[PDB]
Every structure is written in structure tokens, then in C-alpha cells.
Amino acid sequence: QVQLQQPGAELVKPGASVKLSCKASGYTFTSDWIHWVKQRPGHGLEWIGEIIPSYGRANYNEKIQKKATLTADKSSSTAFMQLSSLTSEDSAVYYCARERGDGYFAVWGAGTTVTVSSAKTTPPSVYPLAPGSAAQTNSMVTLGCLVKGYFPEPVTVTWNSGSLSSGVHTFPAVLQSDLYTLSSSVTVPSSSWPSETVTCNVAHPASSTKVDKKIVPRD
Amino acid sequence: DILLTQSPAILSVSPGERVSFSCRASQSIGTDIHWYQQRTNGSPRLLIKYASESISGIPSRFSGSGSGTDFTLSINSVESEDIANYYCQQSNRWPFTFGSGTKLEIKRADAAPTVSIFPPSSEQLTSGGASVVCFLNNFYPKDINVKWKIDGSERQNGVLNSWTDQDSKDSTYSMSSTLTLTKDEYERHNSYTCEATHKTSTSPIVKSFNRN
């Protein structure tokens, strides 16, 4: 089972605060430490601090400005990081990770994408990408989903609720006018579509939306 | 605090070759170094602990070596799924610190792009918007250029491009080019063309459709 659960995203206004959660499962020991690690887009891993839930003590990276405050709840087995007075410097993916007191991070959470902005949350519009009638094909056909006008990052895109991962890639979002847009591409044997369904699933954590879009031949 | 130097920042190797990543500590830390793999959009994953100790469920082609200040992560015969960023981390002295990471890249055979163009959806049109989407998929090397033509003449406004990182499935790259127009503008034209130029051929790979 997933050992550490973090929400997908948090949107925070400049100067506001947010509390990230990290819900743990699996074996738990008095020697466990929960660590938080920050990763800026396209940059490395930065250690933020640690807490020992069995005692409640927290230590922090002394090389960086202290934005975090760590607490934990033994009853709900959940660790919290309070980030305060955020600026755009604070936009990053924040991971939690568990260490058994022996120095290495055996397991990591999926990370919470925090975006610091004044802009408003916007769910995406999801449009199918099916070839026009003049398109020729070989043994394979290529389909797609256009995920447009969302904020903030991220979105997760899967094909056929996860069962289809070969022949899939999803492009990095481009941002414009305070909105992101991306597409995801899937390639299957031509013989197999449309007889066998192909559907894109588009999760947008910051708006709590999950949308399906079936891809059918153009009429 | 312990500084961990990872150099070079990018390693390029040919499929099936052996590769070695370097991690150097600013002072001696015994064997208290651990290695992580992070693929594009994924979270880090422990590969090797205590410099050389294998982790359950990690392919046996991964191994680690070294002690003191100089540490090595090795992959015996690199394959596509190994494409990732690789980080070292020390636990010898407080606070734990991370190296700045090394990217693995694979030099595979040239491959020409598979080009696909897509007319705007009925659903998008209803909303007053029109986006024509072009995929240039699974090509190598990464350098590539894309050109839009509308009714035979070049179009440059409204075009937004996006490139993937190297693909952990086949070591290729892919790119999307998206021309966004209003419903009105889109309908004042007939022919939309996406043209791909890449070192695999002297002539563009061209894909078009007609609005009607």
C-alpha cells in the first residue's frame, strides 16, 4: 500500500500560509523520522527539516530562511508542514519522506505541488484529438487529448484508467495569460481503434476535478 | 555542513554500455552515502544505501562503490528506463544533505519523427475557440523544427511549442506544436499544414488537413 499520502496541489496567495499534510501508513516505529524536501521546477532536492512523531521534536535546515513549521499527530499518523508568508520563491513540489532513523529515505510521498500566485483556480477543458478524414495510417494510429485553460499545475493524464501506458507521452504545460495548456499523446495498433475504446482521464487536484474524454472517429 | 559534488551534471552513453556517476563529499563520511533515482515527473526512489548495499526490487545492474570522500553509482548496461536524474545524499553528519544531481542521457540511433495533425474538436468550436494540434513523436536527436502554413502561407502567431524530456521508454524525444485561433479566424481559412524538419531527411515531413 502507498506508504505516504500527500494532496496533489495547493494554491496560495502571496503572503498567505498553507499547511501541507502527509498521511502515513505501513509499519510505524518510535524511531521513525518524517522529513520534508523541497524541489523547485528544474532544480535539485533541498532538505527543509525533519520531525520525530514519537517525541514531537523538529529540526530545520539552518542554511535557508525558515518558512516551515513541522508538527505531527500520532493518533491520525499524520505529519504537517506549515509554510508561512509565501512568495513566488516558495513555489515548488514539496515531498515528505520517511526515515527509520538509519539515515536514508526508504519511502517518499508523491509530493504536493505548491503554487504561490494571485490568479484563480481554473479547471481544464478536455478536447479529443482524432485524425481528420484524409489522414492515412499504418499499423499504428495516434490519438490525443488537449487539456486547456487550467490553473494551477499540475494535471495528471492517464489512458484507459491506467491500463494503457505503452505508446503514451504527455507534454509539459505551456503557460499563457495565467492559464496552462498541454496535450497527451497515445499510440495503439490501428486495427484496435475504434473497436476497442480509448479514453483519456484528466485529474486536476487543485480544483478537485477528474474528467473522462472518450476518443471517437470524427463523424 | 557536508557538501556533495556530483560532476558531471550530464552523462551521455550508448545503450548497453556501463555508466558511472560520481559523488564527492567535502569531508570523509565513511560509507554513509545513499543513492536515489528520479524520473521525469516522479518522486525519488532509493537505489543503493550505505554506498554499496542493494535494495530490494532494484535491478541488479545497479551497484554502488566507494568510501571516504569519493563514491560511485554504476549501471552495468544502460537501458531506456534508466533515463532519469540521480542524486546522492549523506547521513554521516547533521544535517543530511543532497548532491546537486546527475542526468543520464542515452545516445540511441537516429529516428525520424512520426508526425500527426489534428483539427479542432467540435466541442472546442462551440466555445468560440479553435486549436490545431500537431505531434512530432519519437524522434532522435532532439533538435527539430516545426513550421505552420495556412492556405500555403507561413503562420507564426498563435503557435506554442512544448518538448518532452528524453523518453524512458525508447530514449527518443517528442514535441507538440499548437496553433490557437478564434473560431472566426479558423473559419476564414481552408488549409492547415504542419511541417517537420529533422536531420533524418533532407525534405520536410508534411501533414495537412482541410477545414472542409
Side-chain angles (χ1 to χ4, degrees), chain A residues 35 37 39 43-47 49-50 59-63 93 95 97 99 102-111 125-135 138 140-144 146 148-149 154 156 165-174 176 181-183 185 187 213 218, chain B residues 1 6 32-36 38 40-46 48-50 55 85 87 89-92 94-101 114-124 127 129 131 133 135 137-138 160-165 167 169 172 174-176 178 180 207-211:
Chain A
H35 295 249
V37 170
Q39 182 166 41
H43 291 173
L45 305 168
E46 178 171 77
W47 187 77
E50 61 191 340
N59 308 305
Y60 302 85
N61 190 342
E62 92 275 12
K63 298 195 191 159
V93 174
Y95 298 96
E99 179 231 350
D102 48 11
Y104 55 86
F105 300 139
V107 316
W108 299 67
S125 296
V126 184
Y127 308 118
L129 299 172
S133 66
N138 272 16
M140 312 289 300
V141 57
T142 293
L143 308 181
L146 165 68
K148 185 174 191 50
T156 300
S165 13
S166 272
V168 177
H169 45 69
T170 302
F171 300 91
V174 305
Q176 232 197 28
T181 295
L182 62 74
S183 286
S185 149
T187 296
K213 188 68 195 197
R218 290 175 63 87
Chain B
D1 300 21
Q6 288 182 259
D32 300 335
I33 203 82
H34 315 293
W35 291 90
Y36 303 87
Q38 187 185 33
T40 305
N41 289 325
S43 51
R45 156 204 193 197
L46 180 67
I48 293 292
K49 71 188 181 184
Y50 285 106
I55 301 299
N85 288 321
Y87 296 93
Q89 175 247 317
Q90 69 80 28
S91 60
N92 182 266
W94 196 92
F96 297 168
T97 50
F98 288 101
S100 57
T114 293
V115 186
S116 299
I117 188 172
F118 297 95
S121 65
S122 333
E123 305 95 315
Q124 187 185 10
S127 281
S131 285
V133 174
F135 295 154
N137 283 351
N138 304 75
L160 292 177
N161 295 337
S162 184
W163 302 259
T164 62
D165 261 282
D167 204 302
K169 297 181 289 301
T172 70
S174 292
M175 178 217 197
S176 77
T178 301
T180 303
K207 294 280 160 154
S208 306
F209 71 94
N210 291 339
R211 173 166 75 53

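Labels below follow one simple rule: chain letters A, B, ... track the order of the sequence lines, proteins then strands, and each chain is numbered from 1. The figures here come from the full heavy-atom set of this structure, side chains too, leaving out hydrogens, waters and symmetry mates.
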With A:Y127 via ring pair (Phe, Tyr, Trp, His ring centres under 6.0 Å) - residues at least two apart:
none
Working for side chain to side chain contact (heavy atoms under 4.5 Å, CB included), residues A:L146 and B:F118:
CA-CA 10 Å; A:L146 165 68; B:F118 297 95; over 6 Å; no
Polar side chain donor-acceptor pair, A:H169 to B:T164, under 3.5 angstrom:
no
Can you name the closest pair of heavy atoms from A:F171 and B:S176 and give their distance?
CE2-N, 3.4 Å
Given a strict heavy-atom distance threshold of 4.5 Å, which part of A:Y95 is in contact with chain B: side chain, backbone, both, or neither?
side chain
Backbone N or O of B:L160 within a donor-acceptor pair of the A:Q176 side chain at under 3.5 Å?
no
Value for CG (A:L129) from CD (B:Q124), rounded to nearest 0.5 Å, stands at 9.0 Å
So what's closer than 4.5 Å to chain B heavy atoms on A:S125: side chain, backbone, both or neither?
neither
Between A:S185 and B:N137, is there a side-chain donor-acceptor contact under 3.5 Å, judged purely by atom types and distance?
yes
If only atom types and distance count, is the side chain of A:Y104 paired as donor or acceptor with the main-chain N or O of B:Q89 below 3.5 Å?
no
Backbone N or O of A:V168 within a donor-acceptor pair of the B:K169 side chain at under 3.5 Å?
yes
Look up atom CZ in B:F135 and atom CG in A:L143, then write down how far apart they are to the nearest 0.5 Å.
9.5 Å
Mind checking what makes salt bridge (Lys or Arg N to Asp or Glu O under 4.0 Å) contact with B:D32, not counting sequence neighbours?
none
Sub-4.5 Å side-chain heavy-atom contact between B:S162 and A:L182
no
Non-hydrogen atoms of chain B under 4.5 Å away: do they reach the side chain of A:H35, the backbone, both or neither?
side chain
Could you verify whether a donor N or O on one side chain and an acceptor N or O on the other, from B:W94 and A:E62, lie under 3.5 Å apart?
no
How far apart are the closest heavy atoms of B:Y87 and A:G44, and which atoms are they?
OH-CA, 3.5 Å
Report the distance from atom CG of A:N61 to atom OG1 of B:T97, rounding to the nearest 0.5 Å.
9.5 Å
